[PDB]
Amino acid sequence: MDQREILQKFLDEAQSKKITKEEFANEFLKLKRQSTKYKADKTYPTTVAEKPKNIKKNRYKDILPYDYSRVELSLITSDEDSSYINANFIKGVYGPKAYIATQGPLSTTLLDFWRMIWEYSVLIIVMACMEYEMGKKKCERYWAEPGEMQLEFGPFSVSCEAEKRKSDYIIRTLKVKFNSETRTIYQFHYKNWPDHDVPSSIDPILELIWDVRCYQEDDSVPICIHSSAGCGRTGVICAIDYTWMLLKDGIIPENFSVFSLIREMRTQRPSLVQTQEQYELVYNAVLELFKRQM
């Protein structure tokens, strides 16, 4: 089957998956289980995060990065450091290390955050959450805003050059400086999460992703993605991108399945796509994207 053909087979099989009872529920139950079996078997050691010297750098005691795929930091900035961080490498359509799913930086890690973005020539960050959620803190401040001068993290110096206001999302242009160097960083801010149920409310996330890749089309450098735990909303923006990567380049598998795609990532980064309502957004979005490729 050529491209357009495999899309039909998909859309076609939508007037079924949609109606069927608890389709996603029972589905999303297989993932939840997956992690379970992968777990009771100790399939993926975590000791690095389990280390005492890192437990404080863990924002959630459950959301823990995997050794096998976590990001190692080497760009030293003092003996007051470590190699550890809370983030994992996530392979992309053509190669590994194409996504860096990381948590909301704590205060004790704004530095590591910048060592990471620097020791991996990161060019884009996508904040998928707000500073405050449920009358509770979620993400610490790592960026810089107009007329605010420049913030100093360890040896890093962040400053703001300009912002771009777009519907439910902003484009902050940063200027991080280190030992004489001055790279550019286009961080993205998304505050309005799509209404998994309402259709016309998922264009914003496509728009964001459409603008990010309208900045770094290729896959030369990793794209940092984070949310409150760098899971839920994080894996959603990775899966809607990865899938659009295939779309954008006539390479959608004949047996393409939002479920296996997600199942996979979750072997590189724990709890990716954390709830049913999210598992439905990925699909609906993928289903709104396919409809558009026609």
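Numbering starts at 1 and runs along the sequence shown.
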property: Mean C-alpha temperature factor, higher of 194 to 202 and 138 to 146; result: 194 to 202
property: Residue range whose averaged C-alpha B-factor is higher in the record, 101 to 109 or 147 to 155; result: 147 to 155
property: Given 43, 58, 234, 268, the residue at which the Cα B factor reaches its maximum; result: 43
property: Candidate residues 72, 211, 163, 131, the one whose C-alpha B factor the record puts highest; result: 163
property: Third assignment of residue 88 from its chain's C-alpha B-factors; result: lowest
property: Third assignment of residue 223 from its chain's C-alpha B-factors; result: lowest
property: Third of chain Cα B-factors occupied by residue 66; result: middle
property: Relative C-alpha B-factor of residue 52, binned into the chain's lowest, middle or highest third; result: highest
property: Among modelled residues of the same chain, the CA temperature factor third for residue 281; result: lowest
